[PDB]
>>> print(open('work.cif').read())   # mmCIF, N, CA, C and O atoms
data_my_file
#
loop_
_atom_site.label_atom_id
_atom_site.label_comp_id
_atom_site.auth_asym_id
_atom_site.auth_seq_id
_atom_site.Cartn_x
_atom_site.Cartn_y
_atom_site.Cartn_z
N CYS C 1 7.15 -4.75 17.57
CA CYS C 1 6.96 -4.57 16.10
C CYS C 1 6.69 -3.10 15.80
O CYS C 1 6.08 -2.40 16.59
N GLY C 2 7.12 -2.61 14.67
CA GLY C 2 6.86 -1.19 14.33
C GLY C 2 5.41 -1.04 13.86
O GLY C 2 4.95 -1.76 13.00
N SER C 3 4.69 -0.09 14.41
CA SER C 3 3.27 0.12 14.00
C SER C 3 3.22 1.29 13.02
O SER C 3 4.25 1.76 12.57
N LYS C 4 2.06 1.77 12.67
CA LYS C 4 2.02 2.92 11.71
C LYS C 4 3.04 3.95 12.19
O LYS C 4 3.05 4.32 13.34
N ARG C 5 3.90 4.39 11.32
CA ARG C 5 4.93 5.37 11.75
C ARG C 5 5.81 4.72 12.83
O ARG C 5 5.63 4.96 14.01
N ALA C 6 6.75 3.90 12.43
CA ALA C 6 7.62 3.24 13.44
C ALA C 6 8.64 2.34 12.73
O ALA C 6 8.31 1.54 11.88
N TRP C 7 9.89 2.49 13.09
CA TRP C 7 10.98 1.69 12.46
C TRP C 7 10.70 0.18 12.54
O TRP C 7 10.28 -0.33 13.55
N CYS C 8 10.98 -0.53 11.47
CA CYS C 8 10.80 -2.02 11.47
C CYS C 8 12.14 -2.68 11.14
O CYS C 8 13.03 -2.05 10.59
N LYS C 9 12.29 -3.93 11.46
CA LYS C 9 13.58 -4.63 11.16
C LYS C 9 13.53 -5.17 9.73
O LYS C 9 14.47 -5.04 8.97
N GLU C 10 12.44 -5.79 9.38
CA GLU C 10 12.30 -6.37 8.01
C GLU C 10 10.84 -6.23 7.56
O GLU C 10 10.05 -5.54 8.16
N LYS C 11 10.50 -6.91 6.50
CA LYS C 11 9.10 -6.87 5.97
C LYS C 11 8.12 -7.43 7.02
O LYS C 11 7.04 -6.92 7.20
N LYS C 12 8.49 -8.49 7.68
CA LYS C 12 7.58 -9.10 8.68
C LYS C 12 7.76 -8.45 10.06
O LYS C 12 7.09 -8.80 11.01
N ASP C 13 8.68 -7.54 10.19
CA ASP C 13 8.92 -6.91 11.53
C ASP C 13 7.91 -5.80 11.83
O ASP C 13 7.93 -5.24 12.90
N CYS C 14 7.03 -5.47 10.92
CA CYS C 14 6.06 -4.40 11.21
C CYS C 14 4.85 -5.01 11.93
O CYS C 14 4.47 -6.14 11.66
N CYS C 15 4.26 -4.30 12.84
CA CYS C 15 3.11 -4.84 13.58
C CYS C 15 2.07 -5.37 12.60
O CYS C 15 2.08 -5.06 11.43
N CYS C 16 1.19 -6.20 13.08
CA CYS C 16 0.16 -6.78 12.19
C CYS C 16 -0.66 -5.67 11.53
O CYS C 16 -1.04 -4.70 12.16
N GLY C 17 -0.92 -5.82 10.26
CA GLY C 17 -1.72 -4.79 9.53
C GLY C 17 -0.79 -3.67 9.06
O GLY C 17 -1.24 -2.68 8.52
N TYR C 18 0.49 -3.80 9.27
CA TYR C 18 1.43 -2.72 8.84
C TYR C 18 2.59 -3.31 8.05
O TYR C 18 3.10 -4.38 8.37
N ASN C 19 3.03 -2.64 7.02
CA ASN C 19 4.17 -3.14 6.19
C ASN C 19 5.43 -2.34 6.53
O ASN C 19 5.36 -1.31 7.16
N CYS C 20 6.59 -2.80 6.10
CA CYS C 20 7.85 -2.04 6.39
C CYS C 20 8.29 -1.29 5.14
O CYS C 20 8.37 -1.84 4.06
N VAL C 21 8.58 -0.02 5.27
CA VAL C 21 9.04 0.79 4.10
C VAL C 21 10.45 1.31 4.38
O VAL C 21 10.71 1.90 5.40
N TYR C 22 11.37 1.11 3.47
CA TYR C 22 12.76 1.60 3.69
C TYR C 22 12.81 3.12 3.37
O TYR C 22 12.49 3.52 2.28
N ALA C 23 13.25 3.90 4.31
CA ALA C 23 13.32 5.37 4.06
C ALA C 23 14.76 5.79 3.76
O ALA C 23 15.43 6.39 4.58
N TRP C 24 15.25 5.48 2.59
CA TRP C 24 16.65 5.87 2.25
C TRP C 24 16.83 7.38 2.46
O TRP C 24 17.88 7.83 2.87
N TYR C 25 15.82 8.17 2.17
CA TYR C 25 15.96 9.64 2.35
C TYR C 25 16.35 9.94 3.80
O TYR C 25 16.97 10.94 4.09
N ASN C 26 16.00 9.07 4.71
CA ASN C 26 16.37 9.29 6.13
C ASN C 26 16.75 7.95 6.76
O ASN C 26 16.58 7.74 7.95
N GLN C 27 17.25 7.04 5.97
CA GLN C 27 17.64 5.71 6.51
C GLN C 27 16.49 5.15 7.36
O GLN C 27 15.41 5.70 7.38
N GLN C 28 16.72 4.08 8.06
CA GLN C 28 15.65 3.49 8.91
C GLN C 28 14.42 3.15 8.05
O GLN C 28 14.19 3.75 7.02
N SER C 29 13.64 2.19 8.48
CA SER C 29 12.41 1.81 7.71
C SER C 29 11.18 2.15 8.55
O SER C 29 11.15 1.86 9.66
N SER C 30 10.20 2.79 7.97
CA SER C 30 8.99 3.16 8.75
C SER C 30 7.79 2.29 8.34
O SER C 30 7.45 2.19 7.18
N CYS C 31 7.15 1.68 9.30
CA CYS C 31 5.97 0.82 8.99
C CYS C 31 4.78 1.69 8.59
O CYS C 31 4.61 2.79 9.06
N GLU C 32 3.93 1.17 7.74
CA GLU C 32 2.73 1.94 7.32
C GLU C 32 1.59 0.94 7.06
O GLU C 32 1.83 -0.20 6.70
N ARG C 33 0.37 1.33 7.27
CA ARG C 33 -0.78 0.38 7.08
C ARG C 33 -0.73 -0.28 5.70
O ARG C 33 0.27 -0.25 5.01
N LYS C 34 -1.83 -0.89 5.32
CA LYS C 34 -1.98 -1.60 4.01
C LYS C 34 -2.35 -3.06 4.25
O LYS C 34 -1.52 -3.86 4.64
N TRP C 35 -3.58 -3.42 4.00
CA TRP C 35 -4.02 -4.83 4.19
C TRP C 35 -4.37 -5.41 2.82
O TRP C 35 -3.63 -6.19 2.21
N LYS C 36 -5.48 -5.01 2.30
CA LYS C 36 -5.93 -5.49 0.97
C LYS C 36 -4.93 -5.05 -0.10
O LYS C 36 -4.75 -5.70 -1.11
N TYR C 37 -4.32 -3.94 0.12
CA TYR C 37 -3.34 -3.40 -0.87
C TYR C 37 -2.01 -4.15 -0.77
O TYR C 37 -1.01 -3.73 -1.32
N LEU C 38 -1.98 -5.26 -0.07
CA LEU C 38 -0.71 -6.02 0.06
C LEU C 38 -0.96 -7.50 -0.26
O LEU C 38 -2.01 -8.04 0.02
N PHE C 39 0.01 -8.15 -0.85
CA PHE C 39 -0.15 -9.59 -1.20
C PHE C 39 -0.48 -10.40 0.05
O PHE C 39 0.04 -10.14 1.12
N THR C 40 -1.33 -11.39 -0.07
CA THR C 40 -1.68 -12.22 1.12
C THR C 40 -1.90 -11.33 2.33
O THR C 40 -2.96 -10.79 2.55
N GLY C 41 -0.88 -11.18 3.12
CA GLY C 41 -0.98 -10.33 4.34
C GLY C 41 -0.61 -11.17 5.56
O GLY C 41 0.37 -11.89 5.55
N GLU C 42 -1.39 -11.10 6.61
CA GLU C 42 -1.07 -11.90 7.83
C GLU C 42 0.36 -11.59 8.26
O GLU C 42 1.32 -11.89 7.58
N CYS C 43 0.51 -10.94 9.38
CA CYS C 43 1.87 -10.56 9.86
C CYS C 43 2.42 -11.64 10.80
O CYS C 43 1.62 -12.35 11.39
#
>>> encode(input="work.cif", output="structure tokens")
Amino acid sequence: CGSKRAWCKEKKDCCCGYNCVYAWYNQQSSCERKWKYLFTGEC
């Protein structure tokens, strides 16, 4: 799974406690933290 700073496959592909962000500016998606700041959660 992609952890903070790490390519992910989809929204659930980021390591637990990390979300997936699409980086169109550089393609690929980089995972980034966010727990309370995200709906429900649980990866």
>>> atom_distance(input="work.cif", atom1="CA of residue 25 in chain C", atom2="CA of residue 2 in chain C")
18.5 Å
>>> residues_around(input="work.cif", residues="residue 32 in chain C", least_positions_apart="5", cutoff="8 Å", atoms="only C-alpha atoms", output="PyMOL selection string")
chain C and resi 3-6+18-21
>>> resolve_selection(input="work.cif", expression="the PyMOL selection byres (((chain C and resi 29 and name CA) around 9) and name CA)", output="ChimeraX atom specification")
/C:6-10,20-24,26-28,30-31
>>> residues_around(input="work.cif", residues="range 38-42 of chain C", least_positions_apart="3", cutoff="7 Å", atoms="all atoms listed in the file", output="PyMOL selection string")
chain C and resi 12+16-17+34-35
>>> write_last_selection(input="work.cif", atoms="N, CA, C and O atoms", output="JSON list (two decimals), keeping the file's coordinate frame")
[["chain", "number", "residue", "atom", "x", "y", "z"],
["C", 12, "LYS", "N", 8.49, -8.49, 7.68],
["C", 12, "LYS", "CA", 7.58, -9.10, 8.68],
["C", 12, "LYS", "C", 7.76, -8.45, 10.06],
["C", 12, "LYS", "O", 7.09, -8.80, 11.01],
["C", 16, "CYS", "N", 1.19, -6.20, 13.08],
["C", 16, "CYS", "CA", 0.16, -6.78, 12.19],
["C", 16, "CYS", "C", -0.66, -5.67, 11.53],
["C", 16, "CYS", "O", -1.04, -4.70, 12.16],
["C", 17, "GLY", "N", -0.92, -5.82, 10.26],
["C", 17, "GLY", "CA", -1.72, -4.79, 9.53],
["C", 17, "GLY", "C", -0.79, -3.67, 9.06],
["C", 17, "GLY", "O", -1.24, -2.68, 8.52],
["C", 34, "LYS", "N", -1.83, -0.89, 5.32],
["C", 34, "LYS", "CA", -1.98, -1.60, 4.01],
["C", 34, "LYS", "C", -2.35, -3.06, 4.25],
["C", 34, "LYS", "O", -1.52, -3.86, 4.64],
["C", 35, "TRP", "N", -3.58, -3.42, 4.00],
["C", 35, "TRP", "CA", -4.02, -4.83, 4.19],
["C", 35, "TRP", "C", -4.37, -5.41, 2.82],
["C", 35, "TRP", "O", -3.63, -6.19, 2.21]]
>>> select_by_dssp(input="work.cif", residues="chain C", states="strand (DSSP E)", output="MDAnalysis selection string")
chainID C and resid 19:22 29:32
>>> atom_distance(input="work.cif", atom1="atom C of residue 15 in chain C", atom2="atom C of residue 33 in chain C")
9.0 Å
>>> select_by_dssp(input="work.cif", residues="chain C", states="helix (DSSP H, G or I)", output="mmCIF file with N, CA, C and O atoms, in the coordinates of the input")
data_model
loop_
_atom_site.group_PDB
_atom_site.id
_atom_site.type_symbol
_atom_site.label_atom_id
_atom_site.label_comp_id
_atom_site.auth_asym_id
_atom_site.auth_seq_id
_atom_site.Cartn_x
_atom_site.Cartn_y
_atom_site.Cartn_z
ATOM 1 N N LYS C 11 10.500 -6.910 6.500
ATOM 2 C CA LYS C 11 9.100 -6.870 5.970
ATOM 3 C C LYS C 11 8.120 -7.430 7.020
ATOM 4 O O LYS C 11 7.040 -6.920 7.200
ATOM 5 N N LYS C 12 8.490 -8.490 7.680
ATOM 6 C CA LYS C 12 7.580 -9.100 8.680
ATOM 7 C C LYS C 12 7.760 -8.450 10.060
ATOM 8 O O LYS C 12 7.090 -8.800 11.010
ATOM 9 N N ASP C 13 8.680 -7.540 10.190
ATOM 10 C CA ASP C 13 8.920 -6.910 11.530
ATOM 11 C C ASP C 13 7.910 -5.800 11.830
ATOM 12 O O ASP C 13 7.930 -5.240 12.900
ATOM 13 N N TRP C 24 15.250 5.480 2.590
ATOM 14 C CA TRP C 24 16.650 5.870 2.250
ATOM 15 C C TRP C 24 16.830 7.380 2.460
ATOM 16 O O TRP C 24 17.880 7.830 2.870
ATOM 17 N N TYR C 25 15.820 8.170 2.170
ATOM 18 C CA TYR C 25 15.960 9.640 2.350
ATOM 19 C C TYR C 25 16.350 9.940 3.800
ATOM 20 O O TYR C 25 16.970 10.940 4.090
ATOM 21 N N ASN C 26 16.000 9.070 4.710
ATOM 22 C CA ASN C 26 16.370 9.290 6.130
ATOM 23 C C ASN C 26 16.750 7.950 6.760
ATOM 24 O O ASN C 26 16.580 7.740 7.950
#
>>> atom_distance(input="work.cif", atom1="atom C of residue 1 in chain C", atom2="atom N of residue 13 in chain C")
7.4 Å
>>> axis_aligned_box(input="work.cif", around="range 27-38 of chain C", padding_each_side="4 Å", output="lines of an AutoDock Vina configuration file")
center_x = 5.9
center_y = -0.5
center_z = 4.2
size_x = 31.6
size_y = 23.1
size_z = 19.0
